[PDB]
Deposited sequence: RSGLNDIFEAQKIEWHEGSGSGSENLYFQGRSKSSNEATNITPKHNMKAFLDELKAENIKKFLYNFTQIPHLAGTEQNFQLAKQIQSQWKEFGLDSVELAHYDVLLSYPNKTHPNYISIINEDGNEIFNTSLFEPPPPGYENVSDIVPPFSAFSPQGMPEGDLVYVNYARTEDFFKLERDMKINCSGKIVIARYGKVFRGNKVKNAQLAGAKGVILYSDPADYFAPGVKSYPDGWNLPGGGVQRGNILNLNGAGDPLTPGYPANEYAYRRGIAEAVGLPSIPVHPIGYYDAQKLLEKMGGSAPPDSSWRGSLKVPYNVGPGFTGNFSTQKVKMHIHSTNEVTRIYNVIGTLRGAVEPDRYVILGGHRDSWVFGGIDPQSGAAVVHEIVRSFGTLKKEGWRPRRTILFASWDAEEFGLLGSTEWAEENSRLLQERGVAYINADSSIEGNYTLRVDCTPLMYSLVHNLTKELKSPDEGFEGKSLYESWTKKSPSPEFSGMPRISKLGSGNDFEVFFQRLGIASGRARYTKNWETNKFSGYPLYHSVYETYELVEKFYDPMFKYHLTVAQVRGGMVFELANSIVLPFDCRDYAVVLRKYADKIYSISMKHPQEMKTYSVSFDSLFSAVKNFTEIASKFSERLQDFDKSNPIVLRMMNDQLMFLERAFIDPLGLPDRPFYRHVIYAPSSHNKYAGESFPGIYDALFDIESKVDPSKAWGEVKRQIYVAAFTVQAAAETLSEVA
């Protein structure tokens, strides 16, 4: 039989290991020759593996790179202007890679150039609430200061935006052992912790879904018109640079001014964690000076796009996509995901060579420049948005397969909750102590949902990965899955290597195999079930949960809700209707006449277009590329999802707005928008005529 079991059994742990090793011996930084070579290899092998076509799609996008002859670094500088202390120019490379060239030194991609000099303020995680505390409660003013912030909690682009809005003239990011050194574990190479010389690379953009900073809306193709840098989307206006905790200790140890406000502001280094501004009295005339010389350059990138034509509905696309570019070796990020995809392709190709075809078309992607802002996926989607809007069934992401070795992590649309439950009950747990039990059982035991007894946690989609264009811009049902912990310390560091994975995360490649089965399994089902495997009722349940949640936030302001006549009735009414209509649609989907293919196509179209129905073509306020009304990335933390984001942001900090009538007006406006869109989505599930 050519069925799911056949697909699943052909997947091999040993294969994923061979591929991971192959993809991680040299760096594959976006826009470099080495990453072009790997694209060409992936393209050749997918062809050999059996796909019907395999093409490269290229774009010319804004990237950022340090100047090789003018390195970036930070100094403590004395009253004379002598640099008495300099941060490191490179991470000590790991054992056996000390002769690898083209390791990009740590830097914050897209930082502008500058050499600002000033007093430090320490801002904790540089979260919205950290700055509120500092400005509102402690009365510290960051204007003209250099801020230093510890990585963690929220996306680093949000930190930089927040610093910049507080009037900082520069930002220093560092990795605190409180957040990146697990108790009892040793530093790389002897365990999986971050050494003091390790540093986290990463871009610091605020793109809000735009893709290439220069070409919002349109693909960065050969004849594209580009904005000038001054009008580019999402670039920071102040220099930024990341450092490790050895160097951070040197910058923090002399800090003076106010004490930290409380213990949630103290990391684990042996320093007081004073907020500043500036240093204690003896050094009060020493300053910090950054030297940043990175340049932004339009550079060509390459996606690989593989097609496995569907037998019955070739005009219906199930997409498995993940990126290929890495900061350095990409041992976990992305290559642990890409090796999984490569084996998935191999297994689908095996079946195809024996004469099978999926029912719908499967598209496989190896995206470029994900690290620089999801640029490769976003540009390709901009190019192909019409095809995707009308034909896109689903998108399954495939970045890192592991960030830990404890249990499964799934984030996805409610429309895939049932699919994930059902598949995971049919898969074997790889976990110690659950030999012969199902993945559902182990996952449910170790990660119980907060809401329902006997079910597992499934999170909403956030962002900071390549599903963003598909889900939040285009409204294609999306999901992702990986093994996780109970981020990871070596994230975006030179120390993320093949050996890190083989020695410390997954020596048997069993967690990888489990992830390939979940991802692959999802795609197989999406691509081959006669009836699309979405359950609209699961949306109805979460919609009520989110409505209760947003209502409760509003209800912290009972007096304003009275004064301005703020009602959530319309939104609850819409959610009720969606629940009733969804229930009747499910009955029909169960009871409809199974022989009739138009009836079948009608009802699958209704399932496919349900996610699509949550898109507002007007987008969210000031964020035109975030069009989904139910889910957007948090305005405060790009990684986290926010539900009813339009209402959430209208309510956020509302007690501070100077014109409350106007602010509450806008809350009511967002309620109207959301109720309307919920009702409109429900109506797509009504009988059609």
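- Residues of the deposited sequence with no modelled C-alpha atom fall in the ranges 1 to 43, 530 to 536.
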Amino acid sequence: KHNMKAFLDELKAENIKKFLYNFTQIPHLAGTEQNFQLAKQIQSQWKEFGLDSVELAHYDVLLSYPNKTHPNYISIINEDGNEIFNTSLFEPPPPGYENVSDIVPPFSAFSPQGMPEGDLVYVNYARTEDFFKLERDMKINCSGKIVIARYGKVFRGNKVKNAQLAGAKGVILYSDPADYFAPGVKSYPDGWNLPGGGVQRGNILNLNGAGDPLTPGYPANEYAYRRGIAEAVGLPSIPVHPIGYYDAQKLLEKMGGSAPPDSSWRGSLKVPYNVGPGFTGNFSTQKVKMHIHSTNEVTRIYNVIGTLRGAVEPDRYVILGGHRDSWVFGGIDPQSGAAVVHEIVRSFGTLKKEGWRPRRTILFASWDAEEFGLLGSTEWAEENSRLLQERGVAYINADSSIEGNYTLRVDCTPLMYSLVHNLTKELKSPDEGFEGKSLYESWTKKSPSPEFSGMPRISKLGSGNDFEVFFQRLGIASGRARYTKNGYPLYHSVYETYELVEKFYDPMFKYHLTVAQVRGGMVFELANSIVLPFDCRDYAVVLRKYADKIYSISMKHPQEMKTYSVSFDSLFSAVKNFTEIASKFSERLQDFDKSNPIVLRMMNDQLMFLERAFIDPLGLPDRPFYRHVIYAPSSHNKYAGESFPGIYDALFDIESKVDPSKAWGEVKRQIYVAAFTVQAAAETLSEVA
From here on, numbers count along this sequence of modelled residues.
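- When the other compared entries with both flanking residues are checked, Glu611 is modelled in all of them, not unmodelled in a third.
- Of the other entries compared for this protein that flank it with modelled residues, all give atoms for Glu297, so not even a third lack it.
- Averaged over CA atoms, B-factors in the entry run higher in 650 to 658 than in the other of 634 to 642 and 650 to 658.
- Stretches 122 to 130 and 605 to 613 differ in mean CA B factor, with 122 to 130 having the higher one.
- Take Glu135, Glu403, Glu382, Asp212 and read off each C-alpha B-factor from the entry; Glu135 has the highest.
- If you compare the C-alpha temperature factors of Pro334, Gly464, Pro450, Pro105 in the entry, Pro450 comes out highest.
- Compared with the other modelled residues of the chain, the Cα B-factor recorded for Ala338 ranks in the lowest third.
- Among all modelled residues in this chain, the alpha-carbon of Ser438 has a temperature factor (C-alpha) in the highest third.
- In this PDB entry, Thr299 carries a Cα temperature factor that places it within the lowest third of its chain's modelled residues.
- Per-chain ranking of the deposited C-alpha B factor places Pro489 in the middle third.
- Among all modelled residues in its chain, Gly50 ranks in the highest third by Cα B-factor.
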